[PDB]
Amino acid sequence: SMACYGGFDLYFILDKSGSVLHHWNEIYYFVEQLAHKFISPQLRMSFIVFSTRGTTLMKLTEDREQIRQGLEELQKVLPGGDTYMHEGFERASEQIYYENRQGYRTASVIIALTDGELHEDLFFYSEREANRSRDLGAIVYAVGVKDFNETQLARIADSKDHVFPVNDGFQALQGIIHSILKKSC
Amino acid sequence: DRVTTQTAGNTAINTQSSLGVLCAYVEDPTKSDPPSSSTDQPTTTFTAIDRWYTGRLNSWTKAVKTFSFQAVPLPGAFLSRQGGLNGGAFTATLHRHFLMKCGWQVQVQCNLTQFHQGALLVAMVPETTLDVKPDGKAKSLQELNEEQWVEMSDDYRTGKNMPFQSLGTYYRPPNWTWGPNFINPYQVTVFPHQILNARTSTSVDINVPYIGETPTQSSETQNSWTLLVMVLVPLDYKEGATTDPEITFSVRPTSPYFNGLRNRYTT
Amino acid sequence: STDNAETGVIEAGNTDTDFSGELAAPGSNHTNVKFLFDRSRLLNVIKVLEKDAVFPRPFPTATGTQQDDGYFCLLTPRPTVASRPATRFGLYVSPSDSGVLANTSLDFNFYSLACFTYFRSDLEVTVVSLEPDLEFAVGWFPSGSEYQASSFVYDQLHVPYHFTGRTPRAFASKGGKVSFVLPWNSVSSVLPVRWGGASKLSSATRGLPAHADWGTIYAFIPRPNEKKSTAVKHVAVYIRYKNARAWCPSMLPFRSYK
Amino acid sequence: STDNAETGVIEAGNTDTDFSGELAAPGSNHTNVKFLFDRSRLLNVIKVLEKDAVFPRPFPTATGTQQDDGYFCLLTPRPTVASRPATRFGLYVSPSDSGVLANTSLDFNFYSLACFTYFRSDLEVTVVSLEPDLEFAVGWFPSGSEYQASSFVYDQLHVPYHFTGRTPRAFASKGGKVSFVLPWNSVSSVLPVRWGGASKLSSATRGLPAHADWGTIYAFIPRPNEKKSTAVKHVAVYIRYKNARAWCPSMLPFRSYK
Amino acid sequence: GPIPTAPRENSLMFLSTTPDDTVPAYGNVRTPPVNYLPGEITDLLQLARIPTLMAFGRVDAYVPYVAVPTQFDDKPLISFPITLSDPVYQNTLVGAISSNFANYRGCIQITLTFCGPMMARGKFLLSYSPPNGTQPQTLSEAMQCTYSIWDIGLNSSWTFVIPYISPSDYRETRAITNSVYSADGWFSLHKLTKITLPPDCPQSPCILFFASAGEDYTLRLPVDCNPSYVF
Amino acid sequence: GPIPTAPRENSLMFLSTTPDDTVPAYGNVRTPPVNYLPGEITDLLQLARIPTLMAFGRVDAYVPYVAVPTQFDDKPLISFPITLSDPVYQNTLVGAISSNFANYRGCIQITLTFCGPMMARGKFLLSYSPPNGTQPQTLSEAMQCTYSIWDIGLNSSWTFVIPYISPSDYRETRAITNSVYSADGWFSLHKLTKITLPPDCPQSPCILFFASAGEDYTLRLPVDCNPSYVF
Amino acid sequence: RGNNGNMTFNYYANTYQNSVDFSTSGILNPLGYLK
Amino acid sequence: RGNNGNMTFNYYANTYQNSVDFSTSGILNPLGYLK
Ligand SMILES: [Mg+2]
């Protein structure tokens, strides 16, 4: 939009499945490096985890003491369980719809992480919820930790242009997240 | 005294630190009548399967934590050759019979010097799906090498990761939180067990009978017992002692009954 | 006293073994297996049928299948889902309205004392209504039978085929209950509380017994399909394990520490 | 083994005859004829009388006859039509409103196991209501009697003649049922499941037995004809064959292949 | 005076199969005697033991026999799974009594009859395979199962008794369930040597199949029947 | 004719644990026999007597053993109250069968095992104090209670049987109540003499603790269990 | 005896309950005898 | 005998009430025997 966004948000929808048990020390490094880079008070961020229960580990806040208290909690999260990536998206969909009712034309950004890709009965709902969150007005990015089908994340993200490996992920999302900060008010 | 040689067929095994043969649930678990769910004559024991089958098992390092188990299914290790455990003429008969009804007799060897400490918990744990990934498929020989020891996480304590069926796109997939093939790691000593302490013995001796929901079970798809070597106390030594002691096991089926002969099992 | 717990057998001592003491008198036998499971407890709250049903099709059920969910109660202490036996037990934490919420069940009072592997017993089923002045009926079909799902037009009224049969359809009086004891009818010799084998069925899954059940009850209202009401009526199924036997000791569930 | 099936008698062998095997133990006796028909099943949903009826006149019934159809339940597993015994069983596929739709019946659970020709048994008749809070009554008249169709004015109220009689009129309590066992009262020694002779009656038709029935029940409401209601009330008739005997083995119906 | 009772929760319940009597209504009826009628079915297993015809789809017009071609092929001439819901068992007395029940136990007895000419000489292998992952088609894959060789001669029938090989004591009589390669396995009629006919004899004779029950075939648990014979 | 009864005030009441039968529905079912299965639990006190592991918070990752430091201190090395609701008793078979009951009576049997090296020599004092106003911490305050000295040698286990010292004949199995210094007192493992290890042996060995039931441990009054194992 | 579990006590007499035949004056036998 | 106080009178027979096993042809013993 040519009108600048009154708010700007960020959602770290993070996998804590059994598949990321040997990779949580790399996922946690990716989240802290994006939180301690964007220190602007215009940007709020929320930490959503999912293995079996999609659980909001930190609400949509901006207080850098709370986010530091949020990041001290993500370091001590034990991976394990299934991969319910649709319930990672439902906690963000309860926050986009809650923040579309403020009169502020904000901008929701969603970052997803997955090693163990989803079964057919679970990929059907995570593709459905990612269609639901885009209808709520979000921009879904799908950051990929180690080996993953791009096609299984092509439906989840906006396109194949929005799927990134995790080593290139901070190299990608350095200016991709920053592109809308200058676009904002 | 503590020197018991257990001769069986053409394969005998010695031990000089024998605690005793922990016979399970009965006085003699070798005595076993034929199955009552067959109207043919069973293939009983014969002198080419009445013998021990030594196969290796992964080493026990200092890196292993407490309660990290390592499951060896029976007869499921004869069929996938788990730990170099070729079944010989037992697996050559197990593939050709549809139902099989035997009771096991295992023995786990691990030689610790008197300057090591540690305590494996060897137990014949009935009816568990511990060899199966939380995603259905059974573990191959590579995945038993890629982890070497399965950590007792919360998914094993709650039974959250036992295999399930895909409910499909119709049902909303429920948040699975519990399943009855859990391990309570503190209560594995209810099973027929001995503790392989680093200061009393080097060989535990468990002798279990046939148990199962039917009077004889299928040959390819049974897991009615599961050898389960669990670390209660981690290994510790000073620098210079023999690092990474090996663990072996020795499985002998007592009184099998093979029913339902057919050709060799093609999937 | 001096012992060896590596042996695997520790003899249960008393106070008089090490010290000067005496044996306490035996209190009671309430730990008897035939005494301790012979008491009723709730199993599953199921809806009450008001027409000829469609039994839940086996998994993986795809979308668009017009079937009737949450009406059949697979009478089993093991975890079920969608009236069919399962392995894991799943409860919906935040049940959003995408997809059909599958009615799961479990016997909470059983597994906290199911310190064994195999369990065989008769089953007394009491089906208590959860509705004021409900005249319902409790159909049933054994372990290994299926539901007869159609309707036969008697006198221009679609009377379904679950009014009659060779299996017990007990009719309740209004404001009353239904109670009857079911025998052990499964083809397995015992019911596996914990099962480790694979069921060679529609695609094989480890740890899932095929015939570990006493059957499946369902509640219907004795009126034809033209007399269908609007609101949903529930009924509650209590269950008692008559003449219980249990084999092969095993574990009790992991009580957490948080 | 080596045999001759042209002989007409093949001796029922076992596994041990040709091979090495053994006899399996005998499971149960649920195939016993006295056990297998001694269980209740639905026969016919009949309307409930509210005045003095007119029994259906015998065939060929012409138009304009003001009679009462669908009220009498000729208690027979054989196919009936219009409360009279028939040979063929007819169900209306697209019942358009030209002419009176004749209430047919059949015992679906009987003929699928009626692998015999002659069948004699007592009859337990349970008459379950299909109406909430119906106080009805179950009249009856034996095989070879007729319905007493008029009314006698007691106290300026047309009380019909089917309230009294020498045959059992069981009155139901409100919300209750009627259950009573009827003896074998037909003049034939047995009931022909399949009959091949001709009934020398009103014009003779092959394959139609005249007295193969246990009687005829009908439901009425115990009020005089001035207290007639408006809506039509139904009742359902269940039937159990007590002390069944069966003779002369025969065929089971042709299950199609489409 | 009054005996103090306590009626249960199932008071005034009408259960259809209560193993008990009820009140008479019109008793003291002497019925006319049936001492003259012969052949009383005491038990419905007197009729499963009587062999009835099967129905095979020809190479609603089905055929009780197997036409035997003169062309060599190493597949069974006819093969059908041993399941009493299979449509080669709908109109036998074994498969139509047992489909009205829920369990069975014992030996199905498949009787053959060579209805060809008297001057024909041939042999037939008759293999019952237990449930394998793949149905055996080669003669060498069916030689290994439970077979028996039937030589055509003077006596013209062979009663291959199918064993009861099953884990459960009572098999389910109706396998309409989410299906696989079906237990309890497959019967299969292989022609071992070709039928050598003298000149001026009809090609392709006919093996008429029967299906009876053994002397230990036992049924359990009545269920409501399929009423679809009447539509 | 009619027996004149008089039904009571509890007519048509469904009581869940009525010590009585009910009406059959589908009887005459011969079940397949279970003569082949060994190891029948006749009584659930055959499993409290089987010793299971305890769980001690290390100096949801708990540890069944007590690491023994080389530093002298005159406090017990581990100490835990004898109450079967205490979280060192949740995952024993003693404390998880008895938490599903309401009373108990008899002797808890705490089995130890020294899982250190064979060349270690040491002694451990094992004091059970009855409920005092203050938990005994000094070795001299625990020498006076019910103790027993365990010398590490060839045999490597010691079964300290905790006496049943209580006024009431059946103690409450669940002390979740307005709480004090808890009856029934405290077990406490004091190291009497330090563990003398030869050179090149691991410091801090491990005393693996068990917890069984005595030969006179008896339970009473079932209650509804906590269903919080499933969440 | 049929589908009758009342082994103990018959209230009504045999003539009233059942319907006996008036007078004129295990081992499953085959239904066809080859002679 | 279980949770059954009916010491006096069983109305239904044993086959109808319970479910007996068909034929194939105090002192709490330990569940593990060291031999
Ligand atoms: Mg994963």
# chains A, B, ... in the order shown; residues from 1 in each chain; ligands from 1
>>> select_by_dssp(residues="stretch 17-198 of chain E", states="alpha helix (DSSP H)", output="PyMOL selection string")
chain E and resi 45-48+93-97+139-142
>>> closest_atom_pairs(of="chain E", to="chain F", cutoff="9 Å", atoms="only C-alpha atoms", output="tab-separated table")
residue	atom	partner	partner_atom	distance
E:1	CA	F:4	CA	6.0
E:2	CA	F:4	CA	3.3
E:3	CA	F:5	CA	3.6
E:4	CA	F:5	CA	3.9
E:5	CA	F:7	CA	5.0
E:6	CA	F:7	CA	4.9
E:7	CA	F:11	CA	6.5
E:8	CA	F:12	CA	5.7
E:9	CA	F:12	CA	5.2
E:10	CA	F:23	CA	8.3
E:11	CA	F:12	CA	8.3
E:15	CA	F:25	CA	8.4
E:17	CA	F:25	CA	7.7
E:18	CA	F:25	CA	6.9
E:19	CA	F:25	CA	8.3
E:168	CA	F:32	CA	8.8
E:169	CA	F:32	CA	7.1
E:220	CA	F:29	CA	8.9
E:221	CA	F:29	CA	8.7
>>> interface_residues(of="chain C", to="chain H", cutoff="6 Å", atoms="only C-alpha atoms", output="NGL selection string")
:C and (34-35 or 38 or 183)
>>> select_by_dssp(residues="stretch 100-146 of chain A", states="strand (DSSP E or B)", output="VMD selection string")
chain A and resid 108 to 113 138 to 144
>>> residues_near_ligand(ligand="ligand 1", cutoff="12 Å", atoms="only C-alpha atoms and all ligand atoms", output="PyMOL selection string")
(chain A and resi 14-24+50-52+79-85+113-119+122+144-148) or (chain B and resi 133-135+161)
>>> write_last_selection(atoms="N, CA, C and O atoms", output="compact mmCIF listing (two decimals), in the first residue's frame")
# COMPACT_ATOMS: atom_id res chain seq x y z
N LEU A 14 7.91 -21.05 15.82
CA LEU A 14 9.09 -21.89 15.92
C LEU A 14 8.71 -23.33 16.20
O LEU A 14 7.86 -23.61 17.04
N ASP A 15 9.37 -24.25 15.51
CA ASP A 15 9.14 -25.66 15.74
C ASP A 15 9.95 -26.12 16.94
O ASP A 15 11.11 -25.76 17.10
N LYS A 16 9.33 -26.92 17.80
CA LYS A 16 10.05 -27.62 18.85
C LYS A 16 9.72 -29.11 18.80
O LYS A 16 9.59 -29.78 19.83
N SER A 17 9.65 -29.66 17.60
CA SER A 17 9.32 -31.07 17.42
C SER A 17 10.48 -31.96 17.84
O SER A 17 11.55 -31.50 18.25
N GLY A 18 10.28 -33.27 17.72
CA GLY A 18 11.38 -34.20 17.91
C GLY A 18 12.42 -34.13 16.82
O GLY A 18 13.56 -34.55 17.04
N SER A 19 12.06 -33.60 15.65
CA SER A 19 13.01 -33.51 14.55
C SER A 19 14.04 -32.41 14.75
O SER A 19 15.15 -32.51 14.23
N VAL A 20 13.70 -31.36 15.49
CA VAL A 20 14.62 -30.27 15.72
C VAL A 20 15.37 -30.43 17.04
O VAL A 20 15.91 -29.46 17.57
N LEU A 21 15.40 -31.66 17.58
CA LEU A 21 16.07 -31.90 18.86
C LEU A 21 17.58 -31.70 18.75
O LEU A 21 18.21 -31.25 19.72
N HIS A 22 18.17 -32.00 17.60
CA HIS A 22 19.58 -31.76 17.38
C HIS A 22 19.84 -30.44 16.67
O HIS A 22 20.97 -30.19 16.22
N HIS A 23 18.83 -29.57 16.55
CA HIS A 23 18.99 -28.32 15.83
C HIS A 23 18.39 -27.13 16.57
O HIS A 23 18.26 -26.05 15.97
N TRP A 24 18.01 -27.28 17.84
CA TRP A 24 17.43 -26.15 18.55
C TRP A 24 18.48 -25.13 18.93
O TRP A 24 18.17 -23.94 19.05
N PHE A 50 5.53 -24.50 18.74
CA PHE A 50 4.61 -25.60 18.49
C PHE A 50 5.41 -26.90 18.44
O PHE A 50 6.43 -26.97 17.76
N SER A 51 5.00 -27.89 19.22
CA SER A 51 5.25 -29.27 18.87
C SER A 51 3.94 -30.03 18.74
O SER A 51 3.56 -30.44 17.64
N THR A 52 3.19 -30.13 19.82
CA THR A 52 1.85 -30.68 19.82
C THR A 52 0.84 -29.62 20.22
O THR A 52 -0.19 -29.46 19.57
N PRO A 79 13.02 -29.58 22.94
CA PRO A 79 12.27 -30.05 21.77
C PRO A 79 11.69 -31.43 21.99
O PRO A 79 12.14 -32.20 22.85
N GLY A 80 10.67 -31.75 21.20
CA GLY A 80 10.05 -33.05 21.29
C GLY A 80 8.54 -33.01 21.12
O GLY A 80 7.88 -32.11 21.63
N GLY A 81 8.00 -34.01 20.44
CA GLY A 81 6.60 -34.08 20.10
C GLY A 81 6.40 -34.15 18.60
O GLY A 81 7.35 -34.32 17.83
N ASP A 82 5.15 -33.99 18.19
CA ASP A 82 4.80 -34.01 16.78
C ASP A 82 5.12 -32.66 16.15
O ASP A 82 5.85 -31.84 16.72
N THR A 83 4.59 -32.39 14.96
CA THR A 83 4.80 -31.10 14.30
C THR A 83 3.43 -30.58 13.90
O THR A 83 3.00 -30.77 12.76
N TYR A 84 2.75 -29.90 14.82
CA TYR A 84 1.46 -29.30 14.51
C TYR A 84 1.71 -27.85 14.12
O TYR A 84 1.59 -26.92 14.91
N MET A 85 2.06 -27.66 12.85
CA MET A 85 2.37 -26.33 12.36
C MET A 85 1.11 -25.50 12.14
O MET A 85 1.19 -24.27 12.08
N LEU A 113 9.56 -22.08 10.92
CA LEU A 113 10.74 -22.93 10.96
C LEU A 113 10.30 -24.39 11.03
O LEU A 113 9.39 -24.71 11.78
N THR A 114 10.96 -25.26 10.25
CA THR A 114 10.63 -26.69 10.27
C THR A 114 11.79 -27.53 9.74
O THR A 114 12.38 -27.21 8.71
N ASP A 115 12.15 -28.58 10.48
CA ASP A 115 12.96 -29.67 9.95
C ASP A 115 12.09 -30.81 9.44
O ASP A 115 12.06 -31.10 8.24
N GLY A 116 11.36 -31.45 10.35
CA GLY A 116 10.56 -32.60 10.01
C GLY A 116 9.28 -32.15 9.35
O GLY A 116 8.43 -31.53 9.99
N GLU A 117 9.16 -32.43 8.07
CA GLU A 117 8.00 -31.95 7.35
C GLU A 117 6.77 -32.77 7.69
O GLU A 117 6.85 -33.87 8.26
N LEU A 118 5.63 -32.23 7.33
CA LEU A 118 4.37 -32.63 7.90
C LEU A 118 3.77 -33.79 7.12
O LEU A 118 4.00 -33.94 5.92
N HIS A 119 3.00 -34.61 7.82
CA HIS A 119 2.24 -35.65 7.17
C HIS A 119 1.07 -35.02 6.41
O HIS A 119 0.77 -33.83 6.57
N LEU A 122 -1.61 -33.39 8.38
CA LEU A 122 -1.19 -32.17 9.06
C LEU A 122 -0.82 -31.07 8.09
O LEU A 122 -0.95 -29.89 8.43
N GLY A 144 13.79 -22.35 6.40
CA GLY A 144 14.02 -23.77 6.49
C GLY A 144 15.33 -24.17 7.13
O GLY A 144 16.40 -23.93 6.57
N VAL A 145 15.26 -24.79 8.30
CA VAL A 145 16.37 -25.57 8.83
C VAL A 145 16.45 -26.88 8.03
O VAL A 145 15.56 -27.16 7.22
N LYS A 146 17.49 -27.68 8.29
CA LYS A 146 18.04 -28.72 7.41
C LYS A 146 17.05 -29.72 6.82
O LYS A 146 15.96 -29.91 7.36
N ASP A 147 17.52 -30.49 5.83
CA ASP A 147 16.86 -30.81 4.56
C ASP A 147 15.34 -30.85 4.59
O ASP A 147 14.72 -31.55 5.39
N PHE A 148 14.74 -30.11 3.65
CA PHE A 148 13.31 -29.86 3.62
C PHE A 148 12.89 -29.70 2.17
O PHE A 148 13.65 -29.17 1.35
N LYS B 133 10.19 -45.51 15.66
CA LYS B 133 10.31 -44.07 15.74
C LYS B 133 8.96 -43.46 16.06
O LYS B 133 7.92 -44.09 15.80
N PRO B 134 8.99 -42.18 16.64
CA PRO B 134 7.64 -41.64 16.91
C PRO B 134 6.82 -41.42 15.64
O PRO B 134 5.79 -40.76 15.69
N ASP B 135 7.27 -41.97 14.52
CA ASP B 135 6.62 -41.74 13.24
C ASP B 135 6.24 -43.04 12.54
O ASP B 135 6.18 -43.10 11.32
N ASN B 161 5.02 -40.44 21.95
CA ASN B 161 5.57 -40.67 20.62
C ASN B 161 5.40 -42.09 20.12
O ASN B 161 6.16 -42.54 19.26
>>> atom_distance(atom1="atom CA of residue E:185", atom2="atom CA of residue E:129")
5.5 Å
>>> interface_residues(of="chain C", to="chain A", cutoff="10 Å", atoms="only C-alpha atoms", output="MDAnalysis selection string")
chainID C and resid 60:62 90 92:96 98:99
>>> write_last_selection(atoms="C-alpha atoms", output="PDB file, in the first residue's frame")
ATOM      1  CA  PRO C  60      -7.570 -41.819   6.812  1.00  0.00           C
ATOM      2  CA  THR C  61     -11.027 -40.299   6.513  1.00  0.00           C
ATOM      3  CA  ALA C  62     -11.088 -37.573   3.881  1.00  0.00           C
ATOM      4  CA  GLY C  90      -5.529 -36.790  22.301  1.00  0.00           C
ATOM      5  CA  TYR C  92      -8.107 -30.702  22.134  1.00  0.00           C
ATOM      6  CA  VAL C  93      -6.480 -27.811  23.971  1.00  0.00           C
ATOM      7  CA  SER C  94      -7.850 -24.871  21.952  1.00  0.00           C
ATOM      8  CA  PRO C  95     -10.407 -26.534  19.664  1.00  0.00           C
ATOM      9  CA  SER C  96     -10.902 -24.097  16.804  1.00  0.00           C
ATOM     10  CA  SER C  98     -11.619 -26.132  11.448  1.00  0.00           C
ATOM     11  CA  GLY C  99     -12.378 -29.818  10.985  1.00  0.00           C
TER      12      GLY C  99
END
>>> atom_distance(atom1="atom CA of residue F:224", atom2="atom CA of residue C:238")
14.5 Å
>>> closest_residue(among="D:180, D:119, D:220, D:72", to="chain E", atoms="only C-alpha atoms")
D:180
>>> closest_residue(among="E:89, E:217, E:170, E:160", to="chain B", atoms="only C-alpha atoms")
E:170
>>> residues_around(residues="residue A:136", least_positions_apart="6", cutoff="8 Å", atoms="only C-alpha atoms", output="PyMOL selection string")
chain A and resi 93+96-97
>>> residues_around(residues="residue F:52", least_positions_apart="4", cutoff="9 Å", atoms="only C-alpha atoms", output="PyMOL selection string")
(chain B and resi 186-190) or (chain F and resi 48+91-94+209-212)
>>> write_last_selection(atoms="N, CA, C and O atoms", output="PDB file, in the first residue's frame")
ATOM      1  N   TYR B 186      11.416 -45.121  36.262  1.00  0.00           N
ATOM      2  CA  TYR B 186      11.665 -45.479  37.645  1.00  0.00           C
ATOM      3  C   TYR B 186      11.068 -46.823  38.007  1.00  0.00           C
ATOM      4  O   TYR B 186      11.423 -47.389  39.038  1.00  0.00           O
ATOM      5  N   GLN B 187      10.172 -47.347  37.193  1.00  0.00           N
ATOM      6  CA  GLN B 187       9.480 -48.590  37.492  1.00  0.00           C
ATOM      7  C   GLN B 187       9.810 -49.658  36.477  1.00  0.00           C
ATOM      8  O   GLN B 187       8.959 -50.456  36.109  1.00  0.00           O
ATOM      9  N   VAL B 188      11.043 -49.682  35.977  1.00  0.00           N
ATOM     10  CA  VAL B 188      11.412 -50.750  35.062  1.00  0.00           C
ATOM     11  C   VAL B 188      11.855 -51.974  35.846  1.00  0.00           C
ATOM     12  O   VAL B 188      11.952 -53.074  35.281  1.00  0.00           O
ATOM     13  N   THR B 189      12.049 -51.848  37.150  1.00  0.00           N
ATOM     14  CA  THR B 189      12.412 -53.001  37.956  1.00  0.00           C
ATOM     15  C   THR B 189      11.222 -53.870  38.341  1.00  0.00           C
ATOM     16  O   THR B 189      11.408 -54.838  39.077  1.00  0.00           O
ATOM     17  N   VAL B 190      10.006 -53.559  37.886  1.00  0.00           N
ATOM     18  CA  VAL B 190       8.909 -54.506  38.050  1.00  0.00           C
ATOM     19  C   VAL B 190       9.053 -55.651  37.055  1.00  0.00           C
ATOM     20  O   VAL B 190       8.597 -56.772  37.312  1.00  0.00           O
TER      21      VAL B 190
ATOM     22  N   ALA F  48       3.641 -53.960  44.992  1.00  0.00           N
ATOM     23  CA  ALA F  48       4.266 -53.074  45.955  1.00  0.00           C
ATOM     24  C   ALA F  48       5.501 -53.720  46.553  1.00  0.00           C
ATOM     25  O   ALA F  48       6.474 -53.031  46.860  1.00  0.00           O
ATOM     26  N   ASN F  91       6.765 -42.094  41.705  1.00  0.00           N
ATOM     27  CA  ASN F  91       6.977 -43.081  40.661  1.00  0.00           C
ATOM     28  C   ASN F  91       7.604 -44.358  41.196  1.00  0.00           C
ATOM     29  O   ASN F  91       8.349 -45.026  40.488  1.00  0.00           O
ATOM     30  N   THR F  92       7.357 -44.682  42.447  1.00  0.00           N
ATOM     31  CA  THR F  92       7.579 -46.037  42.905  1.00  0.00           C
ATOM     32  C   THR F  92       6.291 -46.814  42.707  1.00  0.00           C
ATOM     33  O   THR F  92       5.226 -46.233  42.534  1.00  0.00           O
ATOM     34  N   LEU F  93       6.381 -48.140  42.726  1.00  0.00           N
ATOM     35  CA  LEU F  93       5.131 -48.886  42.752  1.00  0.00           C
ATOM     36  C   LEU F  93       4.490 -48.895  44.119  1.00  0.00           C
ATOM     37  O   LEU F  93       3.303 -49.202  44.221  1.00  0.00           O
ATOM     38  N   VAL F  94       5.242 -48.594  45.166  1.00  0.00           N
ATOM     39  CA  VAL F  94       4.628 -48.436  46.472  1.00  0.00           C
ATOM     40  C   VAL F  94       3.820 -47.157  46.512  1.00  0.00           C
ATOM     41  O   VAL F  94       2.634 -47.166  46.848  1.00  0.00           O
ATOM     42  N   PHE F 209      18.971 -45.770  45.182  1.00  0.00           N
ATOM     43  CA  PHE F 209      17.938 -46.058  46.175  1.00  0.00           C
ATOM     44  C   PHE F 209      16.757 -46.770  45.545  1.00  0.00           C
ATOM     45  O   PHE F 209      16.354 -46.439  44.432  1.00  0.00           O
ATOM     46  N   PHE F 210      16.179 -47.708  46.281  1.00  0.00           N
ATOM     47  CA  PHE F 210      14.928 -48.369  45.927  1.00  0.00           C
ATOM     48  C   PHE F 210      13.898 -48.082  47.006  1.00  0.00           C
ATOM     49  O   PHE F 210      14.205 -47.483  48.029  1.00  0.00           O
ATOM     50  N   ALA F 211      12.664 -48.534  46.777  1.00  0.00           N
ATOM     51  CA  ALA F 211      11.609 -48.402  47.782  1.00  0.00           C
ATOM     52  C   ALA F 211      10.565 -49.483  47.520  1.00  0.00           C
ATOM     53  O   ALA F 211       9.726 -49.324  46.632  1.00  0.00           O
ATOM     54  N   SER F 212      10.601 -50.543  48.305  1.00  0.00           N
ATOM     55  CA  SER F 212       9.623 -51.606  48.196  1.00  0.00           C
ATOM     56  C   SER F 212       8.677 -51.547  49.381  1.00  0.00           C
ATOM     57  O   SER F 212       8.672 -50.591  50.151  1.00  0.00           O
TER      58      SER F 212
END
>>> atom_distance(atom1="atom CA of residue B:101", atom2="atom CA of residue C:191")
18.0 Å
>>> closest_atom_pairs(of="chain B", to="chain D", cutoff="8 Å", atoms="only C-alpha atoms", output="Markdown table")
| residue | atom | partner | partner_atom | distance |
| --- | --- | --- | --- | --- |
| B:39 | CA | D:22 | CA | 5.8 |
| B:40 | CA | D:21 | CA | 4.9 |
| B:41 | CA | D:21 | CA | 6.6 |
>>> residues_around(residues="stretch 252-257 of chain C", least_positions_apart="2", cutoff="7 Å", atoms="only C-alpha atoms", output="number ranges by chain")
B: 157-158, 184; C: 112-115; F: 60, 90-91, 229
>>> closest_atom_pairs(of="chain C", to="chain E", cutoff="8 Å", atoms="only C-alpha atoms", output="Markdown table")
| residue | atom | partner | partner_atom | distance |
| --- | --- | --- | --- | --- |
| C:58 | CA | E:178 | CA | 6.9 |
| C:144 | CA | E:172 | CA | 6.8 |
| C:145 | CA | E:102 | CA | 6.8 |
| C:164 | CA | E:224 | CA | 7.4 |
| C:165 | CA | E:224 | CA | 4.4 |
| C:166 | CA | E:223 | CA | 4.6 |
| C:167 | CA | E:223 | CA | 6.4 |
| C:168 | CA | E:17 | CA | 6.6 |
| C:169 | CA | E:15 | CA | 6.2 |
| C:170 | CA | E:15 | CA | 4.9 |
| C:171 | CA | E:13 | CA | 5.5 |
| C:172 | CA | E:13 | CA | 5.7 |
| C:173 | CA | E:13 | CA | 6.3 |
| C:176 | CA | E:9 | CA | 6.7 |
| C:177 | CA | E:9 | CA | 5.7 |
| C:178 | CA | E:10 | CA | 5.6 |
| C:179 | CA | E:10 | CA | 6.1 |
| C:187 | CA | E:168 | CA | 5.6 |
| C:188 | CA | E:168 | CA | 6.4 |
| C:201 | CA | E:180 | CA | 7.1 |
| C:202 | CA | E:178 | CA | 5.6 |
>>> residues_around(residues="residue F:128", least_positions_apart="5", cutoff="9 Å", atoms="only C-alpha atoms", output="JSON, numbers by chain")
{"F": [82, 142, 145, 146, 147, 162, 163, 185, 186, 187, 188, 189]}
